[PDB]
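For neighbour counting, all protein chains shown are included, and Cβ atoms are generated from backbone atoms with ideal geometry for every residue, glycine included. Nothing in this text is a laboratory measurement; each read-out follows from the coordinates by a stated rule.
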Number of protein chains: 2
Amino acid sequence: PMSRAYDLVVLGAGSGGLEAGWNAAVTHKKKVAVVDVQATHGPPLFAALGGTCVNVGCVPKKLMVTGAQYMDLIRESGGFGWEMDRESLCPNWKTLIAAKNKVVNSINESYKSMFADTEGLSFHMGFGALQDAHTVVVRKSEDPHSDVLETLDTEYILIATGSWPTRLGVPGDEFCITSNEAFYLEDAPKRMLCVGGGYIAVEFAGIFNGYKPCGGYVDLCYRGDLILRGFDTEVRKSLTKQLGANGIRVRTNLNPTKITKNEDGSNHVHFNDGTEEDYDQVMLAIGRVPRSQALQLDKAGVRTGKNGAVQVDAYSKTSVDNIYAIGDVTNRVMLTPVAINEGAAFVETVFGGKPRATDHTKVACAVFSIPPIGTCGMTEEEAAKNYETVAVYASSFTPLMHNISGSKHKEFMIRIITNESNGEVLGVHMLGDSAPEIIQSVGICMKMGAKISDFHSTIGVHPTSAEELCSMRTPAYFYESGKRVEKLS
Amino acid sequence: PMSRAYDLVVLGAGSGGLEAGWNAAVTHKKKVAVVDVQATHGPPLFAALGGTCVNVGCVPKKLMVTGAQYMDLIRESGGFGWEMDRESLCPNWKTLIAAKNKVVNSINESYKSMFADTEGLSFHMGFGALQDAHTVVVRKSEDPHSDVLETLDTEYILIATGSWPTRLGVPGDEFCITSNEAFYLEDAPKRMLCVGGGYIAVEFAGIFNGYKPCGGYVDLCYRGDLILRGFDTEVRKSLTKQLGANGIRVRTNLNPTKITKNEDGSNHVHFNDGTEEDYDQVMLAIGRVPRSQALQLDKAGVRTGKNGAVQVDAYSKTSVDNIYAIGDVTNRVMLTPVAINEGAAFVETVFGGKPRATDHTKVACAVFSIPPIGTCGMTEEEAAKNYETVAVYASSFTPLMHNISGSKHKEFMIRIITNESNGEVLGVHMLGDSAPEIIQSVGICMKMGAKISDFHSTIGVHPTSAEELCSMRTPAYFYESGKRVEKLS
Ligand SMILES: Cc1cc2nc3c(=O)[nH]c(=O)nc-3n(C[C@H](O)[C@H](O)[C@H](O)COP(=O)(O)OP(=O)(O)OC[C@H]3O[C@@H](n4cnc5c(N)ncnc54)[C@H](O)[C@@H]3O)c2cc1C
Ligand SMILES: Cc1cc2nc3c(=O)[nH]c(=O)nc-3n(C[C@H](O)[C@H](O)[C@H](O)COP(=O)(O)OP(=O)(O)OC[C@H]3O[C@@H](n4cnc5c(N)ncnc54)[C@H](O)[C@@H]3O)c2cc1C
Ligand SMILES: C[n+]1nn(-c2ccc(-c3nc(CCc4ccccc4)cs3)c(OCCC3CCNCC3)c2)cc1CCCCN
Ligand SMILES: C[n+]1nn(-c2ccc(-c3nc(CCc4ccccc4)cs3)c(OCCC3CCNCC3)c2)cc1CCCCN
């Protein structure tokens, strides 16, 4: 019974939005309108058709991490007897950026193919904004007195506008770059300062390190004690050391007070401890907050709260019953396959009839550091609060192939966290090469409620780094009533 | 009640033997004697303390596969903008062999540390042989009229002498090398012929290819149709193509009739189709048979059969109740972590009191080809015989990073085999980089009896090759009553 122009309007053609949009349009034959600000990546808006992940997140970030490993792998080759010229070896950053752009640009092109070819699914380039719970407006600019391009009469609204990097707010904030501007840099920087301790800081530390032009260096500088908060505490310490030996100088309890410009265009940076220093480029990876701040949410009566977060029930529904919100705008788990799920399960809830919420517990996570981390489930810290008796299994070995390659800093590390009672696996925490591949399969096991029994009853694959999961039988130590004990009562 | 000199005599200090030996000695305080032919690796006996795996199998083989990838990874680097000299690039094979020997030799040294330091555990260098069910003899040579070094009065005997490469038996057999002689080659061969279609042929094809000195080439030559029998049929076809594009010429329905020597020391090789050709070195990887053929088994009354195989019940026990046999000598699954388990469960059976057999079904396997294979559980061929209704899920994608690297032949491939009835996962079959790491975790899931439900209910790790396990929902096709059908009745 056609009353409105569109069944669904989606603010943001991101990981969350596109999954919701596409499903609604092809599997339930709804008429869908998807709003985004631009159709291909790049400044000054960065995000585009495909979302943060495709244009300025996971996909480019990984392409450039893969680049920066070639440094560590061309060093490693010498031991296996690859003689070749190690004077004529610095990486050309322009060839990396050009290649990365060709790729992201191909994905943006393959999405316009999707819209023109898919029926009932339209793309509306501009700036989303609510008037009431059934009308979405598209402007030229986010300035609310801009020319209005379209008025989208609709039944349901899905807010999936994602998040945006937080600024430092000090004298000199406007001289620093972000995850956004890092991707379209013209030159790889000789002297680089990565402020922050989050996964993005550490991934980008490894890139700029890999692509430093000759006599260059990278300083990571984090305002706390130990990088990567709410990761396993021995994995963080082991990475902090391994970044050290790949060339990255890590500093802690350290915060920029001030950045002035310089003569040759470098950045003078004043710190906590008094210290000043010059860096070519300075990058802020200090958390990412929701983009609610220009959607005129207050106008159509949807609940805001912690940093603009769209306040939502388990089934992704806002304080207005026809308006829903998914992905980073909601501020739950800020990963791409989470948003995809939340959006897939929004379509099943609303249009599909088959109502479902998203599972947020024991989701497998990965850091594309050098070396990388895989993690799934809980730290031993938050285990020993929520569980009576906790076993901690732990194992750290160095692949023999590193006794050849020279890379003897590269410790591979596994930790398993247990409920003593029934032996259930609560957490798994890996560091070292191939950890992101291995954890994906572990994430399946912990969904089926795997016990430590099930790991060490499994015949191994020899020789592998993963075969050390099934050789962990004795707990290293325990927690009873959340206090660390040598051995169990 | 001490009646005999030793509780346990172990023929062969291999993967199986050492696990049995060590456990018996430290966890059950038995007096153990371990017999092997030499203490460090190398010709003319090759195997030594640590077994085939440590000296001339898995461990060296992987070190040298890791070497040969540096070829494909230095090519790949150029696209990510690693300018460097690609004239001055051939691999030095002597630096690889020297480095490999330093490693294997360190492991042999770390095992003599284990014997001198561990109590009740002695090492007896020579050639094992039964006199009766309670006496083992050690000779200088395998020639049964050799000088006798020791007479080991014992209660239990464990036969774990492993296996040995099969010869071709044609005019010219004694000119060809094997897995054994390949490891101690002086020069990497310009023109290499790998006869065979088994995992060892294909791993070693990739090595000799990686380390060919300049204008050199490798021919794989298999007497059948499609290499790697009893692997998934689309994975075999995909590898056959990818070996092709890494440089390896594969020939099929082809068997050497004759090898004569040559003038400059190369090998003239006559084939089925008439064809002759000269190769520097020619390697036989055409199956590996048990080493029973010199243990005087018939003398002490233990059951032989299929190619010398020691005929054994589920708990590893021979036709004589005090004699047991594990690992490749038994001719079950010829992998190292299998033998380790069979030996660990021999010690639990006999000395431990807690009797247990080894689980052989759904053991995860891996080929260190370039690119590598991970496999666990059954082919779709042997599924559709033993199961009424079978679903086959299948997915083949190319990581975007190969649109940069130039390696566009590198297809990553997953196949899942299902029981239609209950959705149980019977088999998993992967090809492409990191497949051996991923399958280890899958092997755990299929031990817990994982359904296809459990895979695609799991939030992904983005971006990963493994995340394509959890995005497989629609079966590609089915088998009902073991006949391939487009769609299900
Ligand atoms: C450097 C980096 C690396 C990352 N790496 C990973 C990783 O490895 N794995 C992982 O799982 N996640 C990763 N993430 C996170 C991932 O990118 C996000 O979690 C994911 O994109 C969230 O999906 P979404 O749809 O909620 O947001 P988005 O994909 O950001 O969707 C928001 C879209 O809406 C548009 N938009 C914003 N405001 C408006 C408006 N007013 N009108 C119209 N359109 C608008 C934006 O332009 C954008 O296209 C990374 C993020 C970054 C920054
Ligand atoms: C090239 C190659 C690659 C391989 N790769 C892998 C792999 O990646 N993964 C995997 O799981 N498996 C692999 N294998 C198989 C693995 O090496 C064997 O399955 C494993 O070693 C079997 O253990 P075992 O104890 O039965 O035999 P072994 O380890 O061979 O033990 C036999 C030992 O007994 C000794 N011996 C023999 N006769 C006598 C005698 N009369 N008296 C005394 N001692 C004697 C031998 O010298 C040897 O030390 C590979 C094999 C080869 C050849
Ligand atoms: C006509 N037509 N075009 N397309 C169509 C066309 C395209 C895509 C994609 N392209 C990329 C770019 C990846 C890349 C490939 C090669 C090189 C670089 C990048 C991602 S996804 C697509 O997405 C289906 C899954 C979805 C998509 C939305 N997210 C959810 C999943 C559907 C499909 C149809 C048939 C539909 C009939 C209409 N009723
Ligand atoms: C005194 N002492 N020495 N050792 C002792 C000493 C050594 C080893 C090994 N060394 C390697 C070499 C690997 C390498 C390391 C570094 C560089 C290259 C190679 C493998 S394993 C060892 O194996 C314990 C598990 C077993 C072993 C048998 N297979 C089964 C598992 C026990 C141990 C003790 C205490 C025992 C007290 C005696 N009652």
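Observations on the model:
- Centroid-to-centroid separation of segment A:408-434 and segment A:227-277 [C-alpha atoms, Å]: 28
- Taking other C-beta atoms within 10 angstrom as a stand-in for reagent exposure, B:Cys53, B:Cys365, B:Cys194 fall in the order B:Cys365, B:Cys53, B:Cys194, fewest first.
- Shape of chain A, Cα gyration tensor, a/c cut at 1.5: oblate
- In order through segment A:283-295: 3J(HN,Hα) via Karplus (6.51 cos²θ - 1.76 cosθ + 1.60), integer Hz, x for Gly, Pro: 10, 9, 10, 10, x, 10, 9, x, 8, 9, 7, 8, 9
- The DSSP beta bridges internal to segment B:166-286 are antiparallel in roughly 35% of cases.
- The relative contact order of chain B comes to 14 percent, based on Cα pairs under 8 Å that sit 6 or more residues apart.
- Computed over chain A, the per-residue total of -39500 (n - 2.57) for DSSP H runs of n ≥ 4 gives a 222 nm mean residue ellipticity of -8500 deg cm²/dmol, rounded to 500.
- Relative contact order (%) - segment A:2-120, alpha-carbon pairs under 8 angstrom, separation at least six: 27
- Shown in residue order for segment B:179-196 are the 3J(HN,Hα) couplings computed by the Karplus curve 6.51 cos²θ - 1.76 cosθ + 1.60 at θ = phi - 60°: 2, 4, 6, 4, 5, 10, 4, 8, 10, 6, x, 5, 10, 10, 10, 9, 7, x Hz (x for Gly and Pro).
- The HN-Hα couplings worked out from phi for segment A:261-278 by the Karplus form 6.51 cos²θ - 1.76 cosθ + 1.60 (θ = phi - 60°) are 4, 9, 7, 7, x, 6, 10, 6, 10, 8, 10, 3, 6, x, 2, 10, 7, 9 Hz, whole numbers, x standing for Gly and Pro.
- Summing charges over all other residues whose Cβ lies under 12 Å from the Cβ of A:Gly14, with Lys and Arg as +1 and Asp and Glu as -1, gives -3.
- Inter-copy label distances at B:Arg229 (7 Å, Cα→Cβ; nm, one decimal): 6.1
- Estimated distance in nm for a label pair at A:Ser3 and B:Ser141, the labels positioned 7 Å out from Cα along Cα-to-Cβ: 10.0
- Shape call, the protein assembly as shown: gyration tensor on alpha carbons, a/c limit 1.5: prolate
- Zero-based 5 Å bins, Cα pair distances in segment A:32-80, whole percents: 5, 18, 19, 14, 11, 9, 8, 7, 5, 2, 1, 1
- Relative to the longest principal axis of the Cα atoms of chain B, the long axis of helix B:233-246 makes an angle of roughly 80 degrees.
- Across the identical copies, how the B:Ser489 labels are spaced - nm, sorted shortest first, 7 Å along Cα→Cβ: 6.3
- The modelled label-to-label distance between B:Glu263 and A:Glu277, using points 7 Å beyond Cα along the C-beta direction, is 6.8 nm.
- Placed amide H near B:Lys258: partners under 5 Å, 5+ positions off or other chain: B:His270
- For B:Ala39, nonlocal amide neighbours, meaning residues 5 or more places apart or on other chains whose placed amide H falls under 5 Å from its own, are B:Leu49.
- Under-5 Å amide H pairs with B:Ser395, H placed in peptide plane, nonlocal only: B:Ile414
- Normalised by the number of residues in segment B:166-286, the mean separation of alpha-carbon contacts (under 8 Å, six or more apart) gives a relative contact order of 36 percent.
- Sorted fewest first by neighbouring Cβ atoms within 10 angstrom, A:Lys190, B:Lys483 come out as B:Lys483, A:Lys190.
- Residues within the reach of a label modelled at B:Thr166 (point 7 angstrom out along Cα to beta-carbon, backbone nitrogen below 13 Å), restricted to segment B:228-259, are B:229.
- Relative intensity, log₁₀ I(q)/I(0), of segment A:166-286 from a Debye sum that treats every alpha carbon as a point, q = 0.09, 0.10, 0.16, 0.23 Å⁻¹: -0.22, -0.27, -0.72, -1.50
- Charge tally in the Cβ shell below 12 Å around B:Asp153, where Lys, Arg are +1 and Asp, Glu are -1, B:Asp153 excluded: -2
- Panel order for A:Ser15, A:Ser110, by other beta carbons found within 10 Å of each beta carbon, from fewest to most: A:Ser110, A:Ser15.
- Shown is the FRET efficiency for A:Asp225 and A:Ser421, computed with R0 = 41 Å from the Cβ-Cβ distance and rounded to the nearest 0.05: 0.80.
- Cα-based shape type of segment B:311-458, given that a ≥ b ≥ c are square roots of the gyration tensor eigenvalues and the cut on a/c is 1.5: prolate
- At 7 Å out from Cα toward Cβ: B:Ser453 inter-copy label distances (nm, ascending): 2.0
- Identity and axial distance of the chain B residue whose Cβ lies nearest the axis relating B to A, Å: B:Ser441, 1
- Calculated FRET value between A:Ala294 and A:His409, using beta carbons and R₀ = 51 Å, to 0.05: 0.65
- Spin-label model, A:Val485 to B:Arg249: label points 7 Å out along the Cα-to-beta-carbon direction sit 7.0 nm apart.
- Relative to the dominant Cα principal axis of chain A, helix A:336-347 is inclined by about 30°.
- Chain B: angle of helix B:58-77 to the longest principal axis, Cα-based, in degrees nearest 10: 20
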